[PDB]
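See structure below.
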RNA sequence: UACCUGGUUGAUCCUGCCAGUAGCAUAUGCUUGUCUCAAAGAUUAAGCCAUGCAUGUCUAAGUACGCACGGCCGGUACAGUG
């Protein structure tokens with residue numbers, strides 16, 4: 003199941019400001035960039051061996 | 001620029017030092033218009049020190065949920081500056 007829809011967002015409401023909601027950057031999240039970095043690390047191992 | 005001169009005697013010649021002479025460094029005295037470089041709390045006390053300053057630092061690339069500011073149409077998990 004996804005984790006990005008269950009992030010506890012804090013509500014920011016201040017006088018004279020348009021209200022909004024703030025959510026943290028999820029850490030240790032699996033992302034296409036993370037998988038690409040892992041793939042490149044294995045690829046570098048492969049190239050070194052070859 | 002490898003240099004000497006006065007002083008022992010009634011005169012002489014020496015020995016010999018004292019004094020003179022030139023630079024250099026530090027202090028000081030008097031004087032000082034321009035301009036260029038330029039040393040400067042070493043010597044006595046590695047004596048004592050008020051106060052201020054003299055070592056901090058962020059990139060696209062460690063950690064941003066400080067509205068601190070702020071989005072473009074925003075509750076895209078994370079816009080961005082910080």
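Residue numbers (this note's numbering): 3 to 52.
The C-beta atom is built at its ideal place from N, Cα and C for all residues, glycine as well.
Item	Value
Minimum C-alpha distance to residue 4 - residue among 37, 51, 33	33
Residues bridged to residue 13 [DSSP beta-bridge criterion]	23
Within 9 Å, strictly: CB atoms of residue 25 and residue 10	yes
Local conformation of residue 28 per DSSP, three classes	coil
Contact set for residue 15: own chain, Cβ-Cβ below 7 Å, skip 5 residues either direction	21
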